[PDB]
């Protein structure tokens, strides 16, 4: 069985790995190749701070709630493993700030020690009147991506750096299954009007005294669109930009001032952190994740395409669940081809 994964973000690589470690002992020639226009440093996944946190309001598909849950329980089970540091995996507590009282998140019992802000804490943030506090996990995209490769490489998963033009192209050269993990750019290979870029821009700053994450929430601004501060391993992420439809992969000097002024108002100590660099990325926005099979009707017969894109602003949070699912689906294919 020749298997071609398109894309090398958290999704492609996490799906690649899963499919391997779950089916390599069962399929005799399980040949898995990764095709991607961009690698390790130049993906959206690298632009992610990697804070685990699904939306506030429930998802359109309750499957997703489990997927995130699955992912959290996985990473948490490994927070102490001797490899945690290569993964870029660590614990982080922090604040979720709100203007008015809002219902508990469905994930409340997933994070460690969930609870509500005690007045003295809100005192630290004059402009916010209510909020949560809990312990969570960070999985730095860059590190994680780097770690996934090593696992993948020693597993014989070959990487090629190319821009796939069509699903047929990849089919024409032997692919029995095509795992489709092409992120926001998925549209180029098959129309999907429901997919939109959630353009983001961030600032990496040096402020090692910040030990907590601090996410603001504002209805006049909308999801991911108010100041947030996520302490990384080597550097603190200053962010708060989400613009639908914007394809401009370029740091914007107007957005810069937004990030800076917003985060500085939040935490004035950040008023003397040294700016280390700025980045722009595209959230794979979709009413829900396309995580399903499709019989792609090739030449004489047809070839199986598993879709795995549209994880919007919470890829790292959900990725592992999705991978395990993309693997189950893979396994179904194997059954139907009676090559199980």
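Positions refer to the first chain, counted from 1. What we label the rigid core is the largest C-alpha set whose atoms superpose within 1.5 Å from one form to the other.
- Taking 218-226 and 127-135 in turn, the stretch whose Cα atoms are more displaced from the shown form in 6 other deposited structures of this protein following rigid core superposition is 218-226.
- Between 124-132 and 204-212, it is 124-132 that carries the larger average Cα temperature factor according to the deposited entry.
- Higher mean CA B-factor, judged across 276-284 and 26-34 from the recorded values: 26-34.
- Between the residues 73, 249, 218, 140, the entry's highest C-alpha temperature factor is the one at 218.
- Each of 227, 88, 82, 113 has a CA temperature factor in the record; the biggest one is found at 82.
- Among the modelled residues of its chain, residue 308 has a C-alpha B-factor that falls in the lowest third, as given in the PDB entry.
- When the modelled residues of the chain are ordered by their C-alpha B factor, residue 254 lands in the highest third.
- When the modelled residues of the chain are ordered by their C-alpha B factor, residue 54 lands in the highest third.
- Ranked against the other modelled residues of its chain, the C-alpha B-factor of residue 339 as given in the entry falls in the highest third.
- Ranked by C-alpha B-factor against the other modelled residues of its chain, residue 319 falls in the lowest third.
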